[PDB]
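So the structure is just underneath, and the comments pick up after that.
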Amino acid sequence: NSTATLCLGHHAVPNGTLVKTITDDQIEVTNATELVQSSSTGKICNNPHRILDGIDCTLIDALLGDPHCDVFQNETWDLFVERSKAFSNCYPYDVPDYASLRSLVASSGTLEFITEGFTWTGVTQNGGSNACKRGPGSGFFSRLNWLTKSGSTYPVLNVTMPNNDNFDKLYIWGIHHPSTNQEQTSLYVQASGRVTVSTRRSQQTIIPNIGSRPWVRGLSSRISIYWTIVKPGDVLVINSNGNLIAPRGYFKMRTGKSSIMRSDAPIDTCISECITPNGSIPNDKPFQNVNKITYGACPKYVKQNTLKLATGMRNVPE
Amino acid sequence: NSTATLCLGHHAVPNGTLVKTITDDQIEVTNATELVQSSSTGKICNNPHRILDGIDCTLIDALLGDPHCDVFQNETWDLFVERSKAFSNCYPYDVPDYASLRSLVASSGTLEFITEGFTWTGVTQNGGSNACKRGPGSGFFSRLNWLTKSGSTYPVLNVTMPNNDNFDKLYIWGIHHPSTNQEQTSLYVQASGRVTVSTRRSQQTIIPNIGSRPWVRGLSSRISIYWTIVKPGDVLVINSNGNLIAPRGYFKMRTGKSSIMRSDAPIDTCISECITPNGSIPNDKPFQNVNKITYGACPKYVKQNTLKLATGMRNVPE
Amino acid sequence: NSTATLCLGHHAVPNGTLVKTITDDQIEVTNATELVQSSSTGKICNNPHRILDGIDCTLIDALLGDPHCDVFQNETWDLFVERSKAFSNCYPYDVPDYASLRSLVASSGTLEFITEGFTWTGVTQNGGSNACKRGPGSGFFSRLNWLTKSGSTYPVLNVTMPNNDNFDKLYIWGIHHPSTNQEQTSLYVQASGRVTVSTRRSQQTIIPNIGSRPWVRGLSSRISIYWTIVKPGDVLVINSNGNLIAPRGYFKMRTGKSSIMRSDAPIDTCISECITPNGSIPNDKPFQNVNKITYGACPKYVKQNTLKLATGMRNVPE
Amino acid sequence: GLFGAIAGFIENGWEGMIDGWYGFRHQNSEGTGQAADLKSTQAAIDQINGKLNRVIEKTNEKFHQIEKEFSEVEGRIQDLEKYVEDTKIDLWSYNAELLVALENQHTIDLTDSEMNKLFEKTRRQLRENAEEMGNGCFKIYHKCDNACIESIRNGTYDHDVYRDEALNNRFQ
Amino acid sequence: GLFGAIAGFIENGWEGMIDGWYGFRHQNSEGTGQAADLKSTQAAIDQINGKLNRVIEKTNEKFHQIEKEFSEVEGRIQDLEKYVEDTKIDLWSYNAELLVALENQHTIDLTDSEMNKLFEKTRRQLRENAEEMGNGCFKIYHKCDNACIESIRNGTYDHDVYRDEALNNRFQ
Amino acid sequence: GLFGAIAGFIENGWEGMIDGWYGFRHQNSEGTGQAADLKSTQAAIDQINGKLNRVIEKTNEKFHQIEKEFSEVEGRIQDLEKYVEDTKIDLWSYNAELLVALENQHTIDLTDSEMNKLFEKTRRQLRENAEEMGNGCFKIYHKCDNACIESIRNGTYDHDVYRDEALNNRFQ
Ligand SMILES: *[C@@H]1O[C@H](CO)[C@@H](O[C@@H]2O[C@H](CO)[C@@H](O[C@@H]3O[C@H](CO)[C@@H](O)[C@H](O)[C@@H]3O)[C@H](O)[C@H]2NC(C)=O)[C@H](O)[C@H]1NC(C)=O
Ligand SMILES: *[C@@H]1O[C@H](CO)[C@@H](O[C@@H]2O[C@H](CO)[C@@H](O[C@@H]3O[C@H](CO)[C@@H](O)[C@H](O)[C@@H]3O)[C@H](O)[C@H]2NC(C)=O)[C@H](O)[C@H]1NC(C)=O
Ligand SMILES: *[C@@H]1O[C@H](CO)[C@@H](O[C@@H]2O[C@H](CO)[C@@H](O[C@@H]3O[C@H](CO)[C@@H](O)[C@H](O)[C@@H]3O)[C@H](O)[C@H]2NC(C)=O)[C@H](O)[C@H]1NC(C)=O
Ligand SMILES: *[C@@H]1O[C@H](CO)[C@@H](O[C@@H]2O[C@H](CO)[C@@H](O)[C@H](O)[C@H]2NC(C)=O)[C@H](O)[C@H]1NC(C)=O
Ligand SMILES: *[C@@H]1O[C@H](CO)[C@@H](O[C@@H]2O[C@H](CO)[C@@H](O)[C@H](O)[C@H]2NC(C)=O)[C@H](O)[C@H]1NC(C)=O
Ligand SMILES: *[C@@H]1O[C@H](CO)[C@@H](O[C@@H]2O[C@H](CO)[C@@H](O)[C@H](O)[C@H]2NC(C)=O)[C@H](O)[C@H]1NC(C)=O
Ligand SMILES: *[C@@H]1O[C@H](CO)[C@@H](O[C@@H]2O[C@H](CO)[C@@H](O)[C@H](O)[C@H]2NC(C)=O)[C@H](O)[C@H]1NC(C)=O
Ligand SMILES: *[C@@H]1O[C@H](CO)[C@@H](O[C@@H]2O[C@H](CO)[C@@H](O)[C@H](O)[C@H]2NC(C)=O)[C@H](O)[C@H]1NC(C)=O
Ligand SMILES: *[C@@H]1O[C@H](CO)[C@@H](O[C@@H]2O[C@H](CO)[C@@H](O)[C@H](O)[C@H]2NC(C)=O)[C@H](O)[C@H]1NC(C)=O
Ligand SMILES: *[C@@H]1O[C@H](CO)[C@@H](O)[C@H](O)[C@H]1NC(C)=O
Ligand SMILES: *[C@@H]1O[C@H](CO)[C@@H](O)[C@H](O)[C@H]1NC(C)=O
Ligand SMILES: *[C@@H]1O[C@H](CO)[C@@H](O)[C@H](O)[C@H]1NC(C)=O
Ligand SMILES: *[C@@H]1O[C@H](CO)[C@@H](O)[C@H](O)[C@H]1NC(C)=O
Ligand SMILES: *[C@@H]1O[C@H](CO)[C@@H](O)[C@H](O)[C@H]1NC(C)=O
Ligand SMILES: *[C@@H]1O[C@H](CO)[C@@H](O)[C@H](O)[C@H]1NC(C)=O
């Protein structure tokens, strides 16, 4: 032979992968990669984030000072984990705008409580209850002060507190709703109560609502919980003539990266930067199909478990 | 001749269609299709959806039991149609958070009312009014009970009701705001009223506001309407000492696909899967420019009806 | 030579521009244009918009009639500019839902006030205060009327006002919160006040809250400000027995293009169609990176300082 | 318009073509004729139909939503609802515009590419017995019948039988 | 970069070209020269200008909106407003990025396609009197003047006058 | 699929190719052989890797948001929150779909274009000593060794040394 030949061509694989295009819906290429990630390990790694395990306590009960949450004093968290087996074992209470306070304290990241010296003259301090036993005797919340009449009278309370520091102060107070019209006058000689808490720019006035409620742990009275924020240079004034659950100090308010998450997954000692209510998931892929609630540097939640991007040419086998 | 010729080419049409591209704004192709549908037939087809025509009644009046809406008892709807010629012809009333109740009952899809046996001892039942004539005599709403004093006294009413079923119960009650301070003590011997309705997790307390109002159908008194939801395993307690519009039972609460729509279009016996306040529109196209309020499998509302997609090559005529 | 040559090629520039593509992140082309605009002149041009400079007054104080804002009577604005050096120098007051009223009056565009003849029989009109000196003597707001007892009694006020025009009317009224229980009965003989303002479709009832407040300009009493809107064909009724800051007329309500903006930039006599709190910015580019608060035909706020679009071919130099 | 076949080196279209989108037209020693090519037309039709039926299938089904028309002036909630609605409408109209703008360009370019592919295949078939005349036609330098053009149309042209005659005709 | 003309078989650009974007450069028996081609440059400029003035025309005009900067901490309404604003900003930045990323690629590819179209037209003009030397130039196997290159530039080259001379020059 | 190289005039792929993505395969007077071409494979790999690592880098980091799961029925605020969430999800899923749909098409078209570029370069190298056989191979009309094919592979083929022999072999 006095000639030659030179053929050109490309490679192919036996099994390729089906992808979608602008024209076709199923076209077979030599290789493809996945965009979604939809598996979790099942555990919550405690590095490099600081996880706090709220075993049998919620955030609000650990804030108020429930006697079975006394291990949570001055807890500093980066992510609070709330379990479903949580319950309350103190005086039955109630919070108007519960979600607002829960999100305000969850994103602050501290339970640091500075005690202050208030002067309540004419009343009896450190009221107790048989529904909130702290030890063998009666008790109450550890961050609140239940004031009642001193002998035969209940004068008009009028306390002040200035803010000379350079941070914000969070005060938590409450009001007591009695059960009958006889126990009102036996604790506060006045037939009607009222609580006013005022700063230089806002004011809150609450009046107790006498009535009967369902029995909870042996009581039909209630407590309503309110809060106030004092900014640097401001002042706080508290006026009352009955039905006051006074504060004992203030919480320090911070700003940063902190949150809260409801999950029933255990905690291990691995390392991961993303946390979902199912556990920690790796973050090597841009998308995820596990949970839409996420903390950290997490991939985005998509609806498609399959989503394939072609990284090769078309597959034309023999 | 000892040669030949072979020419290649494509087709063209005399009139083509102008479309927009990435480069050009008006380029002439051989064919194009539209994706926006901006016409309506003018009538609302009653298949395969179940349409209810609220001729002269709104949803709330058909809920309470207006005497000219007594044909709407236990109406089951898939889409409620509200006309603009609707009016009320009973005791003048008022609903705080009207839109919430309207959307709660509209999306439930039933007016099924189970009557219950409440025991009101010490009061007179079945109060009437001359502004709500049901027949030739005085009347009232058919789902509510107007209680007044029995002879010379009005005791403190305190009723229970437990929920032992496996569905939610909706209770509708109200409070009566009188006109003067003389008609208050002539119907309820107490100089001030109060109504408390409580479950194991919530409570509502309302107090009547004596005053004068504009004359509506011959009356200057008013009624305020409230509602309560009892979940399985819960309990309802009603406490009062005057100014109570008691309930007679509960509505059954469901979850599904149901809604409400304001429209003045007639109803015919055609078949269509989409419904707009202008009538039924076909759904062969992905987009529509008729109304942004839609029910069913409807196309999306766009601002532009000129969207032409090319389905052919470019048009180069002779 | 018995041959020739003909070469083809394109142009290049010495310095080109780096742009991003679908494949590459930095590819050098011959030319590119910017999408963002990230600069401002520093002044607010007063053409062709009508700018009003609220030097030392806010909108609400110019509405009520503060004595140092009497130059703002019947001001017609297209954009209100609010400075940070603004203060109040009259009776200390308070507005529930302040942002709602501020946005309602800002978008109306007028302070046109029509005075009406109300008849208050049995009371003393034109009350004054030593905290709101208008000239050398005591004064008050110029759009409100402070009524007190006339000699020894304070009868029950009951005024009416119909709306026979073809536009909406805005009425501004208030209630007076005293400091002690002695100054209440020395101005209004009744031991408790109440103000009711009602139309054919709504009603507002307010009751004064006696108590002490921080000293502001020498006073511990307060005023709360409310408003009412009367539509054509409606009617207004005012009922009271103490603690009423009556109106003197109504503001005319319009609809159009008007707004308000907080800025500390001076005003010059240039021409520009866009206004930001930093000053006027040109609008030749589709995007801007100066401020997200804008008035007029303004470009959109993006987060990039650089997005470059290629308007030439690739750059391959020698 | 990226390949320069349609509206490029082919001057105009053929309005007498009613069988398919692409076709042939020969001028022989026995007369003239015309025909079509099914494969290119079928490829273009399948691609355009796939695209079309790709975009028009539905994705949304909404039953309960928020209120979008109000009879009063209220305040913050109404402002937020109107802002949400305006943002949603403005963000969907841009997508509606961009999808059409991109797909029309891709359709035009693919329908232009099919013609160039057919031309290049026909050029590759006539190895060295034809010359391209620059306006879309080939000058075939040997003598065909009505059965020679049809062998070029159904892809079984044998170039080596007419090679010597064409080479002596075109080069001398 | 899809056709391989710019940054492909044409090594570099011509920085001495100031008349247009695309042009010629011949080496003759009487010297050298240079010129430009208006049609390709005009097509590219018109397409790029159409695209540019397509995207930059305005669509929005907003007068009253919601509050976006707060001085207090309040609760649900403020959270919902901040969420709405964050979602709107994040959804518009993605569009801003993708539009530019797509249009730059299309611009580069079309400015690359115009060169290939000009080259292929010039190749189709010189039917069999020229050979492609592989680096962007044609070797013309007959002898032209400064008036022969200009007939190739303004599209009226007559190939059949120099056919016999070129065929005897290139093949023997 | 716009250039017609892959799945076009090249019938199938080569499953015995494990060195690179594109390569050669010659049939000589001394036997057969096979090799690869690093440059085209490298260009394709770099482009695809750049695209991939372009899209997958992260942009979002959210710490506090709104509530998205409720235990009660409340009214307006809950309706507005659910509407906001539904709108955000529906608007992000469309982008997720469209990005992939566009990028897969561009990847396929660029991996098809690289093959055509390699083919056209190889055609331009063998100036007039080879003929294209229409199925992806060149018939070289002079006699090469295993060192002649490698000069064609590493881009230093000298066409003028075998010109006279090839011209006498192919045309006579
Ligand atoms: C008004 O009616 C309500 C509803 O019946 C009364 O509430 C009921 O109060 C009684 C108090 O004896 C509750 O009985 C208690 O139940 C608990 C739990 O089993 C038990 O430990 C106590 O020893 C006692 O038996 C009853 O459950 C409760 N009903 C509910 C569900 O509310 C209310 O007392 C009445 N008010 C009056 C007295 O006018
Ligand atoms: C305090 O001012 C109010 C509001 O003006 C007075 O209410 C008015 O009371 C009269 C009583 O007759 C109502 O008259 C009724 O008008 C309707 C409509 O024409 C008519 O059909 C009835 O036959 C009757 O005449 C009047 O409507 C009502 N005001 C309004 C605007 O409805 C009130 O009387 C004043 N103080 C008192 C108690 O004298
Ligand atoms: C209950 O506690 C409050 C809080 O101190 C008492 O209010 C205070 O009343 C005094 C009366 O003189 C106010 O004094 C004024 O202070 C300003 C600021 O220096 C000054 O310019 C005036 O000349 C006057 O001295 C004091 O401001 C006010 N408290 C605050 C924080 O403003 C209130 O008196 C107590 N209850 C009573 C009535 O005893
Ligand atoms: C992560 O956890 C969530 C919540 O527990 C899982 O979501 C539920 O999945 C079950 C089974 O498909 C459904 O019946 C529930 O309705 C889902 N709850 C929702 C959507 O709120 C989810 O499947 C888990 N994912 C993985 C990968 O384990
Ligand atoms: C469908 O009905 C709506 C509401 O009746 C129509 O919308 C109105 O159209 C008129 C005339 O253009 C305008 O003056 C109104 O302002 C519109 N009301 C709105 C937008 O709320 C709409 O035109 C109807 N469409 C069709 C196709 O009949
Ligand atoms: C326009 O004005 C705004 C507000 O004054 C400027 O924004 C601030 O910029 C400084 C310096 O970068 C930051 O410390 C502040 O936090 C910014 N305030 C914000 C974002 O609310 C902005 O820089 C000005 N722009 C120009 C071009 O002058
Ligand atoms: C392709 O077209 C050619 C046209 O020439 C067909 O061939 C001819 O077939 C008839 C039928 O037997 C013979 O009588 C002629 O002599 C053939 N002519 C030539 C030049 O071959 C051929 O059959 C067609 N093939 C297909 C598969 O359609
Ligand atoms: C195109 O270019 C050719 C260059 O050759 C122009 O032609 C010449 O025209 C002059 C003017 O009459 C004559 O003297 C020459 O003899 C011509 N030379 C040739 C080779 O034809 C021609 O006029 C140009 N045409 C257009 C429309 O621009
Ligand atoms: C490109 O490939 C050619 C293959 O022919 C290489 O050349 C040969 O080089 C060897 C080594 O000196 C000589 O013995 C042969 O005689 C050469 N043959 C020919 C036909 O030239 C060449 O070295 C390679 N070049 C590069 C840069 O890789
Ligand atoms: C397909 O691509 C992935 C990375 O995108 C790579 O790890 C894998 O080896 C490729 N498949 C083959 C068969 O090479
Ligand atoms: C919490 O921190 C504060 C400030 O450091 C400190 O005063 C207080 O005692 C701490 N709480 C406990 C449990 O000691
Ligand atoms: C244009 O396309 C539509 C469907 O997309 C088709 O019904 C119509 O017949 C086409 N036009 C022509 C002239 O074929
Ligand atoms: C409505 O349905 C309930 C339950 O089936 C029934 O008890 C009641 O009687 C019905 N209403 C009427 C109008 O009968
Ligand atoms: C680049 O483009 C701009 C307009 O897009 C133009 O003003 C400028 O002159 C161009 N640059 C050069 C070097 O021509
Ligand atoms: C404001 O305008 C109204 C109506 O034109 C007029 O009655 C009133 O007197 C004006 N105000 C002043 C300051 O005169």
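Every chain in the structure tokens takes a letter, A first, then B, and so on in the order presented; its residues are numbered from 1, and the ligands are numbered from 1 following the presented order.
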Surrounding residues of residue 166 of chain B excluding itself and chain neighbours under 4 positions, 9 Å, only C-alpha atoms, as a list in words: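 Once the adjacent positions are removed, what remains is residues 231, 232 and 233 of chain B.
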Expected answer as a list in words: residues within 8 Å of ligand 9, only C-alpha atoms and all ligand atoms: residues 146, 147, 148, 149, 150, 151, 152, 153, 154, 155, 156 and 157 of chain F
Let me see the file: selected residues, N, CA, C and O atoms, as an mmCIF file, in the first residue's frame.
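Okay, this is what ended up in part-v3.cif:
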data_model
loop_
_atom_site.group_PDB
_atom_site.id
_atom_site.type_symbol
_atom_site.label_atom_id
_atom_site.label_comp_id
_atom_site.auth_asym_id
_atom_site.auth_seq_id
_atom_site.Cartn_x
_atom_site.Cartn_y
_atom_site.Cartn_z
ATOM 1 N N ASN F 146 5.719 6.014 11.547
ATOM 2 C CA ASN F 146 5.269 6.339 12.897
ATOM 3 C C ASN F 146 5.839 7.660 13.401
ATOM 4 O O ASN F 146 5.371 8.168 14.425
ATOM 5 N N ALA F 147 6.830 8.218 12.709
ATOM 6 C CA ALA F 147 7.369 9.533 13.020
ATOM 7 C C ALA F 147 6.721 10.645 12.207
ATOM 8 O O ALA F 147 6.869 11.821 12.560
ATOM 9 N N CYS F 148 6.008 10.302 11.131
ATOM 10 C CA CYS F 148 5.257 11.305 10.382
ATOM 11 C C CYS F 148 3.937 11.652 11.062
ATOM 12 O O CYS F 148 3.542 12.822 11.082
ATOM 13 N N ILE F 149 3.243 10.658 11.623
ATOM 14 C CA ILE F 149 2.010 10.949 12.352
ATOM 15 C C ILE F 149 2.301 11.751 13.615
ATOM 16 O O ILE F 149 1.518 12.637 13.995
ATOM 17 N N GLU F 150 3.434 11.491 14.270
ATOM 18 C CA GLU F 150 3.742 12.239 15.480
ATOM 19 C C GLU F 150 4.128 13.680 15.176
ATOM 20 O O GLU F 150 3.994 14.537 16.055
ATOM 21 N N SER F 151 4.591 13.972 13.958
ATOM 22 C CA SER F 151 4.829 15.367 13.611
ATOM 23 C C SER F 151 3.511 16.096 13.396
ATOM 24 O O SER F 151 3.423 17.306 13.638
ATOM 25 N N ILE F 152 2.487 15.374 12.937
ATOM 26 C CA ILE F 152 1.149 15.940 12.803
ATOM 27 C C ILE F 152 0.503 16.108 14.170
ATOM 28 O O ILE F 152 -0.364 16.970 14.353
ATOM 29 N N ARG F 153 0.918 15.303 15.153
ATOM 30 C CA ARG F 153 0.282 15.377 16.464
ATOM 31 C C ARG F 153 0.839 16.507 17.327
ATOM 32 O O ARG F 153 0.082 17.159 18.053
ATOM 33 N N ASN F 154 2.148 16.764 17.270
ATOM 34 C CA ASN F 154 2.744 17.834 18.060
ATOM 35 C C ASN F 154 2.945 19.118 17.260
ATOM 36 O O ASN F 154 3.758 19.963 17.648
ATOM 37 N N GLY F 155 2.222 19.276 16.155
ATOM 38 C CA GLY F 155 2.131 20.553 15.468
ATOM 39 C C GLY F 155 3.386 21.057 14.787
ATOM 40 O O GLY F 155 3.708 22.248 14.895
ATOM 41 N N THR F 156 4.109 20.182 14.081
ATOM 42 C CA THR F 156 5.274 20.602 13.310
ATOM 43 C C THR F 156 5.345 19.860 11.979
ATOM 44 O O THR F 156 6.436 19.583 11.473
ATOM 45 N N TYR F 157 4.189 19.532 11.407
ATOM 46 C CA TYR F 157 4.142 18.901 10.095
ATOM 47 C C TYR F 157 4.571 19.872 9.003
ATOM 48 O O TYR F 157 4.081 21.006 8.933
#
Every residue of chain E that DSSP places in strand (DSSP E or B), as a ChimeraX atom specification: /E:6,10,14,22-27,32,35-36,130-132,137-140
With C-alpha atoms retained, could you export that selection as an mmCIF file, in the first residue's frame?
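As written to disk, result_17.cif reads:
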data_model
loop_
_atom_site.group_PDB
_atom_site.id
_atom_site.type_symbol
_atom_site.label_atom_id
_atom_site.label_comp_id
_atom_site.auth_asym_id
_atom_site.auth_seq_id
_atom_site.Cartn_x
_atom_site.Cartn_y
_atom_site.Cartn_z
ATOM 1 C CA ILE E 6 -10.398 35.093 17.751
ATOM 2 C CA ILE E 10 -5.535 34.048 14.446
ATOM 3 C CA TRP E 14 -3.548 44.420 15.249
ATOM 4 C CA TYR E 22 -12.170 44.031 11.449
ATOM 5 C CA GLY E 23 -9.976 44.658 8.436
ATOM 6 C CA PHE E 24 -7.514 43.351 5.878
ATOM 7 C CA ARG E 25 -3.762 43.580 5.351
ATOM 8 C CA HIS E 26 -2.224 42.517 2.041
ATOM 9 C CA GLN E 27 1.337 41.908 0.845
ATOM 10 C CA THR E 32 2.153 46.437 1.476
ATOM 11 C CA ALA E 35 -7.689 48.700 5.119
ATOM 12 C CA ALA E 36 -10.897 47.931 7.009
ATOM 13 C CA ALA E 130 -6.176 30.717 -3.337
ATOM 14 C CA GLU E 131 -5.005 28.375 -0.591
ATOM 15 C CA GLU E 132 -5.455 28.886 3.146
ATOM 16 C CA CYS E 137 -3.899 34.505 5.473
ATOM 17 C CA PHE E 138 -4.607 33.346 1.932
ATOM 18 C CA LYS E 139 -1.891 32.602 -0.618
ATOM 19 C CA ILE E 140 -3.245 33.759 -3.984
#
Within 8 Å of chain D: residues of chain E, using only C-alpha atoms, as number ranges by chain: E: 65-66, 81, 84, 88, 92, 110, 113-114, 117, 121, 124-125, 127, 167
Preceding selection exported with C-alpha atoms as an mmCIF file, in the first residue's frame:
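Final output, again12.cif:
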data_model
loop_
_atom_site.group_PDB
_atom_site.id
_atom_site.type_symbol
_atom_site.label_atom_id
_atom_site.label_comp_id
_atom_site.auth_asym_id
_atom_site.auth_seq_id
_atom_site.Cartn_x
_atom_site.Cartn_y
_atom_site.Cartn_z
ATOM 1 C CA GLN E 65 -42.802 52.075 50.791
ATOM 2 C CA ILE E 66 -42.268 50.463 54.185
ATOM 3 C CA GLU E 81 -40.246 43.674 57.540
ATOM 4 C CA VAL E 84 -39.006 40.870 53.438
ATOM 5 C CA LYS E 88 -35.904 41.153 48.107
ATOM 6 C CA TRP E 92 -32.376 40.957 43.050
ATOM 7 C CA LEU E 110 -20.914 36.926 18.676
ATOM 8 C CA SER E 113 -18.522 34.633 15.149
ATOM 9 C CA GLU E 114 -18.340 37.788 13.023
ATOM 10 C CA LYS E 117 -18.131 34.770 8.991
ATOM 11 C CA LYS E 121 -16.960 34.761 2.959
ATOM 12 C CA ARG E 124 -15.825 31.471 -0.702
ATOM 13 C CA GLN E 125 -14.934 34.425 -2.931
ATOM 14 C CA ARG E 127 -12.971 29.850 -5.410
ATOM 15 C CA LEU E 167 -4.391 26.289 -11.691
#
Ligand 15 neighbours within 8 Å using only C-alpha atoms and all ligand atoms, as a PyMOL selection string: chain C and resi 73-74+111-115
Pull N, CA, C and O atoms from the residues just selected and write them as an mmCIF file, in the first residue's frame.
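Produced file again-v1.cif, reproduced below:
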data_model
loop_
_atom_site.group_PDB
_atom_site.id
_atom_site.type_symbol
_atom_site.label_atom_id
_atom_site.label_comp_id
_atom_site.auth_asym_id
_atom_site.auth_seq_id
_atom_site.Cartn_x
_atom_site.Cartn_y
_atom_site.Cartn_z
ATOM 1 N N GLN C 73 -47.732 77.203 58.539
ATOM 2 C CA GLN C 73 -49.203 77.070 58.341
ATOM 3 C C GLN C 73 -49.538 76.989 56.843
ATOM 4 O O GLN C 73 -49.039 77.847 56.093
ATOM 5 N N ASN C 74 -50.353 76.005 56.431
ATOM 6 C CA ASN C 74 -50.742 75.822 55.003
ATOM 7 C C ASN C 74 -49.484 75.700 54.142
ATOM 8 O O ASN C 74 -49.459 76.322 53.066
ATOM 9 N N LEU C 111 -50.832 70.964 54.542
ATOM 10 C CA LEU C 111 -51.202 71.328 55.905
ATOM 11 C C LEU C 111 -52.356 72.325 55.894
ATOM 12 O O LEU C 111 -52.479 73.154 56.797
ATOM 13 N N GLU C 112 -53.211 72.246 54.878
ATOM 14 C CA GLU C 112 -54.318 73.186 54.748
ATOM 15 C C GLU C 112 -55.379 72.892 55.800
ATOM 16 O O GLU C 112 -55.906 71.777 55.872
ATOM 17 N N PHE C 113 -55.693 73.899 56.609
ATOM 18 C CA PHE C 113 -56.547 73.745 57.779
ATOM 19 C C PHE C 113 -57.753 74.657 57.638
ATOM 20 O O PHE C 113 -57.603 75.885 57.613
ATOM 21 N N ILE C 114 -58.941 74.064 57.550
ATOM 22 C CA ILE C 114 -60.190 74.812 57.493
ATOM 23 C C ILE C 114 -60.766 74.846 58.902
ATOM 24 O O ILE C 114 -61.023 73.795 59.502
ATOM 25 N N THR C 115 -60.969 76.048 59.431
ATOM 26 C CA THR C 115 -61.517 76.198 60.771
ATOM 27 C C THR C 115 -63.036 76.049 60.732
ATOM 28 O O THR C 115 -63.691 76.469 59.774
#
